[PDB]
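Down below is the structure, laid out as C-alpha cells.
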Amino acid sequence: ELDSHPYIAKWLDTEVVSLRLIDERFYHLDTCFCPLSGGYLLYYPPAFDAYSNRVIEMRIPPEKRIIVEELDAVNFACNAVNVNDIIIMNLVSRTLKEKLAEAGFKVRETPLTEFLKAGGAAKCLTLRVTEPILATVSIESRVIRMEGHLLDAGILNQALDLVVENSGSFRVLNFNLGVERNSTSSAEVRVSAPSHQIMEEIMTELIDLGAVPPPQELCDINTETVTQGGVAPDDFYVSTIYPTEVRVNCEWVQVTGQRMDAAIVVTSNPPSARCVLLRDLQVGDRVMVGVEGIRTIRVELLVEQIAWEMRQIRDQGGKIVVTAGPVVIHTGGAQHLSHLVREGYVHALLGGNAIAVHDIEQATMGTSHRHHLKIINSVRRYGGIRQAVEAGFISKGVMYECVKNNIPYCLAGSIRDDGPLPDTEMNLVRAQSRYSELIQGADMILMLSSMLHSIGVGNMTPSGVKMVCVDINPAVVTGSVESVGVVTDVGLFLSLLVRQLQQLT
Amino acid sequence: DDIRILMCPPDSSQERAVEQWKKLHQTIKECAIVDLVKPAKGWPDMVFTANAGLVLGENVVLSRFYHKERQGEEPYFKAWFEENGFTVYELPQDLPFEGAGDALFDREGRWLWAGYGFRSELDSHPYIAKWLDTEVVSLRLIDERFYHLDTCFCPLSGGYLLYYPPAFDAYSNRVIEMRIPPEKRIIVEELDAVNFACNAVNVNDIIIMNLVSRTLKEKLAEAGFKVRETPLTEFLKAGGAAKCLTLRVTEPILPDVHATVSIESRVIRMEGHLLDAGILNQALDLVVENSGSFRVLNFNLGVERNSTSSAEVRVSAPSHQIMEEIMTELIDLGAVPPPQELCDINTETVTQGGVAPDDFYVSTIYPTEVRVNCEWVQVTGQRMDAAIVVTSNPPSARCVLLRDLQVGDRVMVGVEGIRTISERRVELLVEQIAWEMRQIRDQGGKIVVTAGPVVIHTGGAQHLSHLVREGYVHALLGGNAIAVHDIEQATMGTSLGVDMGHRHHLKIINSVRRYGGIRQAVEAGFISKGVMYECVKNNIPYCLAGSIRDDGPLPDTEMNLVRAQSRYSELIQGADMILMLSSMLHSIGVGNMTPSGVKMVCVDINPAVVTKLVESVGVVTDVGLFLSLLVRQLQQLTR
Amino acid sequence: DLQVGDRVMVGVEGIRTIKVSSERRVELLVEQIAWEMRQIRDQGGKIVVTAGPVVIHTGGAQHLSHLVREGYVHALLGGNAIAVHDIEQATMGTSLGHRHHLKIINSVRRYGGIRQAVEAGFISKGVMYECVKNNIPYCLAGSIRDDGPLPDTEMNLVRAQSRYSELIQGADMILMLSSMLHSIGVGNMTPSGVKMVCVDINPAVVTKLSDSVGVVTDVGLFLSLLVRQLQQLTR
Amino acid sequence: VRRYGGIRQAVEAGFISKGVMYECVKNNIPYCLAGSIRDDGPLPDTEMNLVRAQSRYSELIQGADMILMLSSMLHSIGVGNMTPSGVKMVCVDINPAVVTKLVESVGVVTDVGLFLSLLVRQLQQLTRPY
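Protein chains in written order, with PDB author numbering: chain D, 141 to 274, 279 to 441, 470 to 540, 555 to 664, 670 to 696; chain A, 3 to 13, 32 to 441, 467 to 545, 554 to 666, 672 to 697; chain B, 424 to 442, 465 to 541, 554 to 668, 674 to 697; chain C, 565 to 666, 672 to 699.
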C-alpha cells in the first residue's frame with residue numbers, strides 16, 4: 141500500500157520514491173526492478189505505469205538504464221543478487237550478459253527454477269541487513289467529502305476507481321448512515337497521490353460530481369495572468385461540461401458560457417468568471433490555476477419517451493437544434509425531418525455540405555463521382571440555396587423547409603467536401619463560432635448519425651442539455672446523465688418519431 | 003350509504037383552469053355530493069384532492085408526500101379530515117404514500133389496489149392494510165410517465181378494469197390478469213393513456229373523464245358505461261385529470277374483508293468488500309429490479325483503511341416467490357441470514373421420475389453449502405441449472421440434472437438454509478493467459494480446450510496441434526465440423542474448399566468412415582498431422598458432439614446428445630482452465646457444465662458474442683492470431 | 424444410408440443438370478416476400494419455417510404465432526431453446554435469468570410434453586400452442602447446450618435429421634429466422650427451386666445462390687412488417 | 565504546442581522528443597493538418613481554411629505512387645477523390661465496409682496498429698539482409 145510509505149520514511153529517516161506496479165506477473169518490486177552500483181538500473185519498464193516510468197527516467201540517465209526484453213523479465217532476470225562487483229541471477233540471455241558485462245558487473249548464473257515455479261528467484265531468497273547510511281516523502285495526503293446517495297448510486301465506487309487508476313490511494317472513513325432515503329448518507333475519504341501533479345490531476349476528476357473539501361480547509365482560488373496571446377498558464381484549470389462555481393474573494397461566482405475544454409477567466413471588480421477558448425484568450429486575462437476553490441452542481473419504447481420529451485419541450489420550453497448528416501437522406505429520412513421542421517420541432521439545423529447536396533438531389537432528381559456536380563453546379567449558379575429556394579428550383583426538402591420556415595442552419599466544411607455550396611462556411615473558426623451561437627439556449631439536441639460531427643457538436647454544448655444520439659453501430663453512441676442513445680436505423684427512428692409526435696402535442 | 007366526493011377549488033392559462041374546474045365540479049355534482057375544502061395560498065397543487073390520503077368507512081390514512089413541494093398541504097387536509105369526524109392515521113416520516121392517487125379500490129370492495137415504485141412505498145402497504153382493515157394488492161409502476169396508479173389504472177363497476185398494462189412490470193401484470201378476467205379488461209391504447217384516460221371518475225355506470233378517443237369511448241359504451249367528457253387540459257399540464265381532482269370519501273365496505281398482505285419482509289447480512297467491488301450496490305439493484313424494496317439498516321465497517329465491511333439490509337417483496345427469486349439472486353453474493361435466524365434446508369421427495377417439485381431450488385455455478393441436520397454440508401458436483409439432492413443418513417448434498425432425478429430423492433425446496441462460500470493490444474491478455482497456462486501446466490492441473498471449425502479456417506490447426514504436443518491440452522471438446530476440416534487440411538492442404554457444400558468435405562468424411570473412425574484412419578497412415586492426429590497420438594480424450602448440420606457423421610461423432618452431455622461433464626471434471634475457441638452454442642454448453650472455480654478464456658471475433666458472466675477473460679480478435687500469440691508467448695517460457 | 428451392393432455413380436460421365466439495410470428498403474423486400482407467400486398459400490403450396498430463440502427475443506412470438514394461425518406455416522423446424530422461450534413468454538410474460558427457464562422445463566416435463574401441457578391448460582398461447590392447436594408438424598432438434606430437455610426435443614440427431622428431411626419434402630418456401638447452424642443444416646437438406654428467405658441482423662446472410675433472398679434487419683421487426691403487409695392481402 | 569508556436573518549434577526546443585510528428589519535422593517530411601469542426605484547439609499548424617487545405621492536399625498528393633490510408637474514413641474518401649487512378653491505394657480498417665474502395674486498390678480488414686507492425690516486420694525482412 142502507498143499509505144505505508146510515509147511510515148517507512150518516518151521510521152527510517154529516509155526518502156521514499158514511489159513507483160506504481162501495473163503488471164500482475166510482477167507484483168513485487170524485486171521481480172521487475174534491480175538497482176545496481178555505478179548508477180546502473182536493471183528493470184522492465186512495462187511493469188510500471190506512465191507516471192512511475194517518467195519518475196524512473198527523470199531520476200536515472202539513459203547511459204545508466206538497462207532495459208530487459210520481455211523474455212528476460214518473464215524469466216525474473218531483475219530478481220538478482222548484487223554485490224558491488226558481482227551480480228548473481230538465474231539463466232539470462234547472452235545479449236543481456238553482454239550488456240551487463242559492459243557495466244562493471246560479472247555475471248554468475250545459478251539455477252533457481254524450482255523456486256521460480258513459486259514466485260521467487262535469487263533476490264527473493266535474500267535480505268540485505270547491512271544497508272548503508274549515506279526523511280522525505282513525495283506523497284500528498286488529503287481528506288475530501290462527497291454529499292450524495294453513496295449506496296443508491298455508484299458514487300463511491302466510481303470515485304475510488306478514479307483515484308486508483310490515476311495512480312493514487314484512498315481510505316474510506318466511517319460510513320454515516322441516514323435514517324431514510326431522504327437523509328442522504330455521505331462519507332469522507334483520505335486520498336493520496338505520489339506527486340503534487342498527480343494529486344492535482346486526481347482532484348480535477350474527483351472535483352467532478354461534488355467532492356467538496358472539508359469546510360475548514362479551503363475557500364480560495366488561485367489565478368495567473370495570461371502573458372502570451374492565445375496561450376494559457378501551464379497549470380490552467382481545464383473546464384468540464386458540468387456547471388461550476390468558483391470561490392473568488394471568498395464568494396461563490398457561477399461561470400457563464402459553460403463549455404468543455406476551455407479556460408476559466410475571472411475578473412475582480414466585475415466578479416464573474418467565464419469560459420474562454422485558448423485561441424480567443426486575450427493578454428492580461430486572469431486564468432484559474434490549480435484545483436483550490438472550485439465546486440460543481470427497447471425496440472420502440474425509447475422513441476416513445478423521446479417523443480414525450482419533445483412534446484414537453486415544444487410547448488415554449490426551449491430551442492431545439494438538430495444535427496444532421498447525409499445518412500439521414502440515404503435512409504429515406506428527408507421527408508420526416510422536413511415535417512419535424514414544419515411542425516416547429518426543429519429550431520436550428522447543424523450540418524454539412526454532403527447532407528445539403530444529397531437532400532437537394534433527392535428533391536430535384538429523385539433516385540430514392556456522381557450527378558452531384560450537376561446539382562452542385564446548378565446551386566452554384568444561383569449563389570446559394572436560399573436564393574435557389576426563392577427561385578423555382580428547390581420546392582421541397584429539408585433545406586427547403588428550413589429556408590421557408592426560416593430555421594437558422596449552419597453547414598460546416600470538411601476536407602471531404604465536393605466543390606462546396608455557397609452556404610457552406612469552409613472557414614472552421616467562423617463555423618465553430620456560428621455553431622456555438624446556434625446551440626445557445628437549447629433544451630434538447632437531436633443527433634442524427636454523425637459520430638465525428640455529433641461529438642464535435644456535443645463538446646460545444648453545456649451539461650444540462652439532454653441528448654439523443656442515433657446510429658446503427660454502437661460506435662457513434664459516445670455519454671452523460673441526461674442523454675440516451677438509440678441503436679436503430681436513423682430513418683426508422685425519424686419515421687417512428689414523426690408518427691409518435693403526430694396527433695400529439 | 004351514498005356517494006360523497008371531496009374536491010378543492012383553485013383559489032394566461034389560469035382563466036381556463038378556473039372554468040374547467042367549475043365544469044368538472046358540476047358534472048360530479050350531478051352524480052354525487054361534492055364536499056369542498058378551503059384552498060390555501062401557496063399550495064396550488066392542493067386541488068388534486070386524491071393525494072390527500074385514502075378513505076375507507078371512517079378511517080383516513082393521511083398521505084406522506086415523497087417530495088417536499090407538496091408536503092405543506094398535509095396539515096390543512098388533515099384538518100379537514102378531523103373536522104368531519106375521521107380517525108386520521110399518519111405514516112412514519114420515512115415511509116411515503118401519496119393517497120388515492122396510488123391506491124384504488126376495486127369498485128365492488130373486494131380489495132384495494134396499491135401501487136409502488138415511484139412515490140409510494142411497498143413497506144407502507146401493510147400499514148394501510150392494518151389501518152383500513154382491507155386487502156391490499158401490490159402493483160409496481162415502471163413508467164415514469166405514469167408514476168401514479170390512477171393515471172394508468174381505473175377500477176370500474178361491473179367487475180371491469182380499465183388500465184394501461186405497459187405501466188406495470190411482468191409480475192404486476194400477472195397479478196392483474198389472475199384477478200380480472202379478459203372479458204372484464206378494457207386495455208387502453210397508448211394515445212389515450214398519455215392523455216390520462218385512466219384518470220377517470222366512475223360512479224355507477226357513468227364515467228367522467230377528459231377528452232379521449234372515440235374508439236375508447238365506444239369500447240366503454242359496449243360494456244355498458246356512459247361517458248361524460250369535460251375539458252381538463254389545464255390540469256393535464258400539471259399531471260392531473262378528473263380522478264386526481266376528486267377523492268371519494270364513501271367507499272364500499274364488505275364486512276367479510278379484513279387486512280391482508282402478500283408482502284414478505286426479511287433481514288439479510290452481507291460481509292465482505294462491499295465498498296470497493298460495489299457488491300452492496302449490486303444487491304440493492306437486484307432487489308429493486310426484481311420488484312422488491314429495501315432499507316439499509318446497519319452498515320458496519322471493519323478496520324477503517326481497507327478491511328472487510330459488514331451490513332444489514334431489510335428486504336421486502338410483494339410475493340413469496342418474488343422473495344424466492346430475490347433471495348436466490350442475493351445468495352449468489354454471500355447474503356447469509358442473520359446468525360440467530362439461521363434455519364436448515366427443506367426438502368421434498370421426488371414422485372415423478374426426472375421431474376422435481378415446483379418450488380425446488382435452482383443451482384448456480386458458485387460453490388454452495390446447505391444446512392442439513394443442523395450441519396453445513398458442502399455440495400458436490402457443482403453445476404448451474406440443476407437440482408440439489410441431499411442424503412440424510414450420511415451428510416452429502418449433490419447437484420443432479422432434472423432428467424437424472426430418481427424417484428424418492430430429497431430435493432431442496434425454497435431458499436432457506438443455503439450459503440454460497467474488435468480490440469487491439471490483445472498481446473497483453475495473451476501474456477497473462479500464457480503465464481497462467483504455464484502455471485496450471487507445471488503443477489498438476491487439467492486444461493480443457495473446446496474448439497470449433499473457426500480454428501481451422503483461420504490458420505490455427507498447427508498452433509493448436511503444438512499446444513496438444515506440449516501437454517497443454519488434457520481434453521478436447523468439439524464437433525463433426527472441426528474434425529472434418531482439420532483432417533481435410535491435413536490430407537489435401539485445404540479446408541472449406543480453399544486454403545486452410555464442397556466435395557472435399559464428403560471425400561474426407563467418406564475415407565474416415567471407411568476406416569471406421571479417426572483413430573483407425575490415423576493408424577493406417579491416412580491422417581499424419583493435425584489436431585485430431587495429435588489428440589490420438591498423445592492420447593488426449595476428445596468428444597465430438599453432433600449437430601443438426603452434421604454431414605454424414607464421422608464414426609467418432611456422438612449423435613446421441615444425452616450421452617454427449619454426460620461425456621462432456623466427464624471430461625470437464627477437475628479442470629483449472631477452459632480454452633474456448635468456437636461458436637457460442639458449443640461454448641455456452643461447456644460453460645453451463647463448468648463450475649465457477651475454473652478459469653475461462655473465451656476468444657472470438659464477434660465483439661458482442663464475447664458475453665460470459672474477473673474469473674472469465676474474453677478476447678475479441680481473430681482466433682488464429684490469438685493462437686499464434688499464445689504459442690509464441692508459451693515458447694518464451696521454454697526458450 | 425448406403426447399403427451393400429448399391430451401384431453408385433462415379434466420375435463425371437453421363438450426368439447433366441436440367442436446372465444492415467435501412468427500413469425503407471426492408472419494407473420493399475418484405476412486400477415482395479409477402480406477395481410470394483400469399484401466392485404460394487392461395488394454392489396448395491407448402492411453406493416451412495425454421496425458427497430460433499431470436500424470434501422470441503425480439504418480440505416476434507406474436508407475429509410468428511399469427512403466421513401459424515393464418516395458415517402460412519405448414520411445418521416448424523427448431524430446437525429446445527425456442528420452445529422453452531416461447532412457453533416461458535406465454536406463461537410468465539418474460540424470457541431469458555436462467556432460473557425461470559428450468560422451472561418451465563420442469564413444468565413441461567411434469568406434463569410429459571408440450572401437447573399434454575396444452576390440453577391441460579398450461580400453455581394457452583404461443584408458437585408451440587398454435588402448432589399443437591392447428592395441427593402443424595414440428596421438430597425440435599437437440600443441441601449439446603440443451604437444458605432438460607423438453608420431452609419433445611429429439612436428442613438423437615440422426616433421428617432429428619430424418620424428421621427434418623421428412624418435414625422439408627413438399628416445400629415451396631422456407632422462412633429462415635436465422636439460427637445460423639439451423640439455417641445451414643436445413644439449407645443443405647433443401648433441393649433447388651425452393652425459395653429461401655434468410656433473415657438476420659448480422660451480415661450472416663451468407664446465402665449461396667438464388668434458385674435466394676436475404677434480409678438484414680431485426681427479425682422481430684421483419685415479422686412485424688411481414689404480418690402487416692400480409693394483413694393487407696386479407697382485407 | 566501553441567506556446568512554442570508550432571510543432572516544428574516544439575520539436576526544435578526539445579518538448580517533443582519522439583513520435584510521428586517529431587520524425588516528420590526531423591527528416592523534413594511535409595505534412596498537412598486539415599481542420600475539423602470537432603477540433604478542440606487548433607495546433608498552429610492545423611489549417612482551418614479548407615480550400616487552402618484542399619489545395620495543399622492536392623499539392624502533396626502530386627506525383628505519388630502509393631497512398632497508405634490509415635484509419636481516417638472522412639479523409640480517405642476526400643484524398644481518393646483527389647487522387648488519380650494510376651496510384652495504388654491501400655485502405656486499412658476493421659469496419660470492414662470502409663474497406664470497400666473500388672486490383673489497382675487494395676483494401677485490408679484488420680486493426681491498423683497490427684497492420685503497421687506486420688508491415689514494419691516484413692519491410693525489415695526485406696531491407697535487412699545485414
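Note that beta-carbon positions come from the ideal geometry of N, C-alpha and C, so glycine has one too.
In this structure, the beta-carbon distance from A/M630 to A/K652 falls below 8 Å. A direct Cα-Cα distance of roughly 55 Å separates C/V663 from B/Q573. Using beta-carbon distances, A/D609 does not count as an interface residue toward chain B, since no partner is under 8 Å. A Cβ-Cβ distance of about 16 Å is found for the pair A/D429 and B/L559, leaving them out of contact under the 8 Å criterion.
Cα atoms of D/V675 and B/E468: separation of roughly 22 Å, rounded to the nearest angstrom. Counting only runs of at least 3 residues, the segment 143 to 224 of chain D fully encloses the following beta strand (DSSP E) elements, listed from N- to C-terminal order: 173 to 175, 181 to 183 and 205 to 207.
In terms of beta-carbon proximity, C/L687 stays away from the interface with chain A, with every pair separated by 8 Å or more. The Cβ of A/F106 sits no closer than 8 Å to any Cβ of chain D. DSSP links D/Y586 through a beta bridge to no other residue.
The beta carbon of A/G178 sits closer than 6 Å to none of the beta carbons in its chain outside the five residues before and after it. By the beta-carbon neighbour count (other beta carbons within 10 angstroms, threshold 16), C/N659 is exposed.
With 16 or more other Cβ atoms from the protein chains shown falling within 10 Å of its own Cβ, D/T367 counts as buried. Judged by their CB atoms, D/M432 and D/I485 are not nearer to each other than the 8 Å cut-off.
Apart from the 5 residues on each side of it in sequence, D/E476 sits with its Cβ closer than 8 Å to the Cβ of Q691 in its chain, given in chain order. Within chain C, the residues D680, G682 and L683 have their CB atoms less than 7 Å from the CB of A/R469, given in chain order. Taking all protein chains in view, the Cβ of C/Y595 is surrounded by fewer than 16 other Cβ atoms within 10 Å, so the residue is classified as exposed. Per DSSP, the beta bridge partners of D/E395 are D/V392. Secondary structure of D/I288 (DSSP, three-state): strand. Measuring C-alpha to C-alpha distances from B/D609 to each of B/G599, B/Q618 and B/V499 identifies B/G599 as the nearest.
Contact of D/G583 with chain C is not assigned, every C-beta pair being separated by 8 Å or more.
In this structure, the CA atom of C/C655 is about 14 Å from the CA atom of C/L688. DSSP places A/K58 outside both helix and strand once states are collapsed to three, so it counts as coil.
Using a Cβ distance threshold of 8 Å, A/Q694 and D/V214 count as a contacting pair. DSSP, reduced to helix, strand and coil, places A/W100 within a helical segment of the structure shown.
The Cβ of A/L159 sits no closer than 8 Å to any Cβ of chain B.
Taking a C-beta distance under 8 Å as the contact criterion, A/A149 and A/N219 do not qualify as a contact pair. A/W63 places its beta carbon 8 Å or farther from that of A/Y109. With contacts defined as CB atoms closer than 8 Å, A/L161 and A/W133 fail to qualify as a contacting pair. Shown here for A/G605: same chain residues with a beta carbon closer than 6 Å to its own, the five before and five after excluded, namely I562 in chain order. An exposed status is given to C/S619, since fewer than 16 other beta-carbon atoms sit within 10 Å of its beta-carbon. The beta carbons of D/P272 and D/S311 sit about 30 Å from each other, so the pair does not count as a contact at 8 Å. In the DSSP annotation of this structure, the continuous segment of the beta strand (DSSP E) that includes A/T369 starts and ends at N366 to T369.
Relative to A/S383, the option among A/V399, A/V589, A/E481 and A/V392 whose CA is nearest is A/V399. For B/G504, the chain D residues whose C-beta falls within less than 7 Å of its own C-beta are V471, listed in chain order. The beta carbons of D/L142 and D/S313 sit closer together than 8 Å.
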